[PDB]
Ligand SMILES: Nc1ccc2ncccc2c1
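The chain below stands alone, shown as structure tokens; this is the form deposited without this ligand.
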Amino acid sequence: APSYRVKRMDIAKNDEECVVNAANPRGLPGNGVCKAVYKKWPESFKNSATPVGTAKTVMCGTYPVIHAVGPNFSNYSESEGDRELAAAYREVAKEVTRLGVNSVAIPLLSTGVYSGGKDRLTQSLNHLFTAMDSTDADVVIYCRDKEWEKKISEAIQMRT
């Protein structure tokens, strides 16, 4: 079983053994988290395009960057987007297990510019939990908003 913590800081500064990028299907530098990952690990974007609902790892030496493509809710129904978001997280979990890493830095997928204007903290975080519960990794969730940090921490505390 995994452990979970939350940090309010730039995920490009993580101290974990791998990072999950909030990637786009074209493999482009993007904005937000995706652009912060591109700035720190630009070589991880070599042939990183992957479809919505999937994850694709590009290694930077022995440091994995796991590009996870959540849906943009502006282009999906709520129910189809929800399924694709759950799927992206399941694919992250499978990659984390395959890579044998002890810890993983992970942002909340399909928030911000992919959220369709809606607050998707609970939705996205719950799909993260469901997927990562199948691993034994130390999971560190990264956010930038102080209010989201508090809500993620409270959600973590009331699972155990």
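Start at 1 and count along the sequence shown; that's the residue number.
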Comparing 128-136 with 64-72, the higher average Cα temperature factor in the PDB entry belongs to 128-136
140-148 or 21-29, whichever carries the higher mean Cα B-factor: 140-148
Position of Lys39 among the chain's modelled residues by C-alpha B-factor, lowest, middle or highest third: lowest
Please rank the C-alpha B-factors of the chain's modelled residues and tell me whether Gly117 sits in the lowest, middle or highest third. highest
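Omitted from view is the form deposited with this ligand bound, to which the following refers.
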The unique member of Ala55, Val33, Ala105, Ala131 whose heavy atoms fall within 4.5 Å of this ligand in the deposited bound form: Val33
Using a 4.5 Å heavy atom cut-off, state whether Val140 contacts this ligand in the deposited bound form. no
